[PDB]
């Protein structure tokens, strides 16, 4: 049926889901916990499903919950198109500060971002709708951000679209400032958290 395959940043995955089309329309399995368990070694669970509507050029991120337990995300653009960027915010990672852009322009493609990574996207179309599943409920005191236009990340956001940032995102610190202030996830700690999820039922 559908595939799930690792991206260039360890802990980020691309899901391609299958639809069964017929005269009535279509039926799609957008998310399968069984499927994630086979690929990841654990079922991340779904504490919250969030939906955002974004005007064109709106850039949300780079956001992450404090580890642990942080928040894993399964992200899908249900209509319109976004450019999703995953950011390796994890100090000590062999790919720390690296990023990868995935075009999410079809409901049949989903991005999984494990706990401890940074997530962001820009709306490529007016009223782009994004729906994401999170492993952990929202907690304002636990949510953090790095500035998406930080030259230290140097994310290639689309030429020809002016970013529209929230007040919060506009004021966000750069990666270096988050790092020195010890506010970024530690890579070793991320990997240990990953192993811990596999071990809830390794007995």
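Positions refer to the first chain, counted from 1.
Enquirer: Using only C-alpha atoms and the B-factors in the entry, which stretch averages higher, 191-199 or 16-24?
Expert: So the stretch with the higher mean C-alpha B-factor is 16-24.
Enquirer: Should the higher mean CA B-factor in the entry be assigned to 176-184 or to 7-15?
Expert: The deposited B-factors put 176-184 ahead on the C-alpha mean.
Enquirer: Maximum C-alpha temperature factor per the entry, among 57, 41, 154, 160, belongs to which one?
Expert: Of the options given, 160 has the highest CA B-factor in the PDB entry.
Enquirer: Based on the entry's values, in what third of the chain does the Cα temperature factor of residue 45 lie: lowest, middle or highest?
Expert: For residue 45, whose C-alpha B-factor we compare with every modelled residue in the chain, the answer is the lowest third.
Enquirer: Within this chain, which third does the Cα B-factor at residue 147 fall in: lowest, middle or highest?
Expert: CA B-factor rank for residue 147: middle third.
Enquirer: What third of its chain, lowest, middle or highest, does the C-alpha temperature factor of residue 51 fall into?
Expert: Its C-alpha B-factor, which the entry lists for residue 51, ranks in the lowest third among residues of this chain.
Enquirer: Using the temperature factors of the C-alpha atoms in this entry, rank residue 32 within its chain: lowest, middle or highest third.
Expert: As the PDB entry reports it, the C-alpha B-factor of residue 32 lands in the middle third of its chain.
Enquirer: Tell me, lowest, middle or highest third: where does the Cα B factor of residue 62 rank within its chain?
Expert: Within its chain, residue 62 is a lowest-third residue by C-alpha B-factor, going by the deposited values.
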